[PDB]
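Same chain, two versions here, written out as structure tokens and called structure 1 and structure 2.
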Structure 1
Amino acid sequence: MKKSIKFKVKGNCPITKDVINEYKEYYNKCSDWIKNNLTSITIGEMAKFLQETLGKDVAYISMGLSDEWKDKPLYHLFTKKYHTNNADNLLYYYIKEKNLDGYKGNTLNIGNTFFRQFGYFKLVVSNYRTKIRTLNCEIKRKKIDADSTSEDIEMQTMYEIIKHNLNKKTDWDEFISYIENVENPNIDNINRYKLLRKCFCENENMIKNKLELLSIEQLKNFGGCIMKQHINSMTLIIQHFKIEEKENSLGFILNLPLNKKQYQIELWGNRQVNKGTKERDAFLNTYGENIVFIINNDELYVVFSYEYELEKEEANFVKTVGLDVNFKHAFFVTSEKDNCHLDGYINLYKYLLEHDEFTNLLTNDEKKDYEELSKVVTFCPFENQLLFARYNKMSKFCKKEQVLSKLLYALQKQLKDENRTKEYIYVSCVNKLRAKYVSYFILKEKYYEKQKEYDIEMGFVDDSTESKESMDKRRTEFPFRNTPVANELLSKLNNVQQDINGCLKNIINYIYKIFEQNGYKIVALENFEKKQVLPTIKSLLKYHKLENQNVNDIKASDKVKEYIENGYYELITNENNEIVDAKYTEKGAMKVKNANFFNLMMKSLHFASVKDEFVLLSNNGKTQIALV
């Protein structure tokens, strides 16, 4: 289907950040009006006004005065049962005839058709569509029993209606036939919807009225669609623009209709659309009408779209393999037994076991676990327990981590020497992934420390915390996000996350290409033990009630007793030898860090996007990914 390619402009282009800011301001004004009138005006009033003030006989007014829409609320313009172009034209010409979004023109004098009607307004409408089309009135799924209340009958009714947009009586029958005509249908499941189809006929007025009342209910707490302040992107639809190859070059020139003249924007070339390739001809033959101007690191990029589908060359089925996700010793664990059958596979656990320096530090249990993994096809020896030794310098695994790192980097040097590029990049990315995750943890912890220090030195005082209007104004005037300190830390975090994402992509590509280049025709990615952080001191005092309680006899939940028996909390006593404050000892303050270190790699290494990367690699590869 559709595809994208991004180009970088070469030289100085009139499209600056001010053009994009103007675009976004118009977007937000239009969205503000649309939000504030989602129910205050009906479609018939709009169509009647357009008929009166212009007197035109067009379908977008004949479709706004018919019996269906002449009195329904404006938000039905955004639903899938109303013609798209009629909704667009009716809404746009209403807004244009009344100057609702305040359009006073644009800086570059780009044609209003490409900037306003098929630009920011087009995005506003396409955005308000997804809000209302996914709009799931408050509802859940429950098993329908014979002795179930009227709500249970009605909830599963409307729940399936939303999932299938069925309105007429006949459409209910069609969904009943949807599964029955399919081989081996579930008899009980379809009857569950047949019963509600029967219920649909009894009191349809109550059903439709309640569904629309709920829809109106979920459209007054909606604050509208908002384009953020960090976007730096504008989209223009232009029917007639020209993209041309340069003369004696690899780049392109974009001829953009701009102030009634053709402005030429020079673009660099991509090795992605490169000279003499089929993708180049496809791009230059079938490119779409949407142009996206985006600024990234103070550089202007231009995104075009086109149609290109490659011809998948199949291969004979050989094997199917299961990939499992783990978090303890290695990320990727296979069900195969490593017999050196795989070509281009380096077994790093089996390599770490051939060094006396490493296994001499191992116990009998640890050595047994490592030998278990060495016989298994595994990838990415991310060892979370040893990795924390780089942060905690007093960890009992501090020397194991050093030997692991030294041996892994020695293997990296050896692979670089022997010109084994694929395995070399794999090992480099593994090492860099470990280092970069330690860096990300350090940066995130510094972010937390800096936020805490800023919000304690700021000293918020709230007269009433029940609602925003009663709290301190500096909560919103001067956040920590707007402090210079945060932007530096957030930029560093973004850079580290970028490196982490790249290294994980490299490892995933390595795994996929080993299994592809060995005959495996499916890699069935077989589809989370959060360590618990010690309860905080404020939780220890104001929540677990360890304040003014006797130190000798502590009335608390047994988990707190076990934590106190460990040297985690140091308690500060008073004249009565009872607790008035507490702190973290070294042991507890580092237990908290260990728990955070283990939990953050769950949410930072994108382990719920691994399947996505394998799918994308299967979009152009000899292997397929079967979800388990």
Structure 2
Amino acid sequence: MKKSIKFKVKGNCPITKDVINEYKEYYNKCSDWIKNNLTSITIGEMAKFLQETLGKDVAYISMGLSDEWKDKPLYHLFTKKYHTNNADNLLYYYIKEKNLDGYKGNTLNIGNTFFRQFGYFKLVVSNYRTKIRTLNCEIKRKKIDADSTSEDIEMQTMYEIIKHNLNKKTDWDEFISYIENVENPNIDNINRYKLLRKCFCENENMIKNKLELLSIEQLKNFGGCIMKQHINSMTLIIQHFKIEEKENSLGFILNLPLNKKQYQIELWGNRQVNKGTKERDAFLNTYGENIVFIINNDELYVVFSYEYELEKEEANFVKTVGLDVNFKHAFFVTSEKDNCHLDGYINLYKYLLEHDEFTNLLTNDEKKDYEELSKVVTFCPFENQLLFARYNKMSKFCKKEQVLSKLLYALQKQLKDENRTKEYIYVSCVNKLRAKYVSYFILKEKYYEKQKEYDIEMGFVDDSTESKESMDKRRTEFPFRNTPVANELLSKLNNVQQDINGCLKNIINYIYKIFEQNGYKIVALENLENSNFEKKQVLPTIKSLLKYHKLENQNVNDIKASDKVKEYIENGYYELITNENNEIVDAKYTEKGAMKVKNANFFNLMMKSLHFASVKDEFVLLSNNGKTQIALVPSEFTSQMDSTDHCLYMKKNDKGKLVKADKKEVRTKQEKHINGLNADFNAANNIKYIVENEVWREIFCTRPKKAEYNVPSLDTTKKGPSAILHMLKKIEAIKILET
């Protein structure tokens, strides 16, 4: 495993934005040449031209004249079946002798080998590899249906070849024992694979021809790889350069050779590589060859690489804790009843209910659902409904929000004056996360409004919707992005999100070390993605309230009998400009409707703002150097399932086939689970059982493999959700919801 360390240069360095810019321009010229000649030239022409121009017996010319590559397009040099260095050398020398990139030197007279050959050309080739190695016709990895449509069979044969990187029948023979010597082989699938082999034998040449045609037709007009105009980074791979420590200092020195002589760049020190540690030696002994020069905030940074010894522990399963992430009442609800035993732990829902100011404002049924959380180990009391009372002045939670904030900010000073640093940081970041999300909402809504205003004022007039050039030219020439107004908002938003990310990382570090210090050897999360987040419904927009919905200039007494629009007219969300006699003209958002839309956007924006899906990544990153490891479980299963009987609720479909139900149906009103427990406490106790029970563990997760970097100890299985269901019925852990 290789890690990177970034240093900051001290003083003046010859590397500036001019050198980086010419590096980027060279990259773009070489990439343009490759893009133009990607499907036009043969490797044979290149190899022959170098053979007849220079004259040598090297291997990178022989490999281009070997009847395996002569009558092949240049894009085959970027595949994985071609030697990764012969292709580099052949392409480099064909480009160099013809001087196609337009190389005229570089500003600092950096060695051409370190700047052109293993500089921008190496990046060009590496980038074109990823494109062409990931260039394939996306076909479903499904069952071939045995003797299905001949078109289906032929596509199945060809796709599975590149799916498993096959070449010929020699690849099929290794596949035979692969499914014959496996537990529970799918005999029906094995017959399909037998048919796949049978049809492969007769029409193998047809497969090659179709594969060759499709790949070229997928690069008919690619446009090439382009280095963006904001990159501000150059990469040089130098074999012989020296990094030394500064004398009686914590800094370093980088003696790279500029213009046939060795320069000296002085670097600041890193606590990451602090003196006398076991990682400063790992750095100074095993550092790599690539040097990255990057400019961030008009300051130059140098990035190195070194070999690191991974030491991630193995799973233990002696102690386990679940953890559900749901952006409803508390962010992190875990699966341990709070009994005042976790050392260093602070419970904020127990703290808040001990003060009469907060409890008095709560109704009878709110105290009953706050006491539920005050007994469960929970983190980050992010109250979305209370938080929106900072943006909405005429709200009903405006008084609860102030008391909640006052108590939390008082705890923040109490913890600081008692010198409890970890808890103080946790609470301080909780407060700041709550404060920063409203700022992000404010700025994003202002960006939306200032885009609307700009586009209404400009009044871009374009023809019928057919194409890009067919549309107005002013759009590309004067886009909202390049307007100075929007350019500043996008920096304000970047800074706000930058604070949000750090506060979230601090909270997650608090949780991880809390569970590590006490003795827990696994933290179980679920593989959450953006689909789980239940978006609130935004009111239909005015521009499409009457145009799409066919309610444009329609009778006031009866516009239509659509029930949803009926509901929206029941309240005063919408205003309608009536005509002379019972029609519509225009609609304007009323105050209640506008604030309802804002409330719908405020809850929705936090799926992307607060990294709902990527919370698991922080725990996985912390697990690399920590004692406690992390297990991931399949999503869309734990929340609904009952943690008392350990079974899945389901509803009988019209056909009578059992259908797994949805979270909303298995949840009572008041957002409580029909089991009687909290909705998040229930899911946490489910995530735990899928890791505590050996029988369940093999169903949902994947087998323990050797430790890696940023890889969970237990990962979600690749088996399909339906396949999970059938195993979940083998163990009979299944129930019928209401029949």
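Counting starts at 1 with the first residue of structure 1 and goes up one by one along its sequence. Rigid core here is just the name for the largest C-alpha set that superposes within 1.5 Å across the two forms.
Visitor: Identify which of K406, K142, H83, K399 has its C-alpha displaced by 2 Å or more between structures 1 and 2 once the rigid core is superposed.
Guide: Shifted by 2 Å or more: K142 only.
Visitor: Superposing on the rigid core, do we see a C-alpha displacement of 2 Å or more at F304 between structures 1 and 2?
Guide: No, shifts by less than 2 Å.
Visitor: Any chance the CA of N576 moves 2 angstroms or more between structures 1 and 2, core superposed?
Guide: It does shift by 2 Å or more.
Visitor: After a core superposition, would you say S464 shifts its C-alpha by at least 2 Å between structures 1 and 2?
Guide: The answer is yes; the displacement is at least 2 Å.
Visitor: In Å, how large is the C-alpha displacement of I442 between structures 1 and 2 after the rigid core is aligned?
Guide: Value for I442 between structures 1 and 2: 0.7 Å of C-alpha shift.
Visitor: Taking the rigid core as the frame, how far in Å does the Cα of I41 move between structures 1 and 2?
Guide: The alpha-carbon displacement, core-superposed, is 1.0 Å.
Visitor: Superpose on the rigid core and then read off how far the CA of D558 has moved between structures 1 and 2, in Å.
Guide: With the cores aligned, its C-alpha sits 2.4 Å away.
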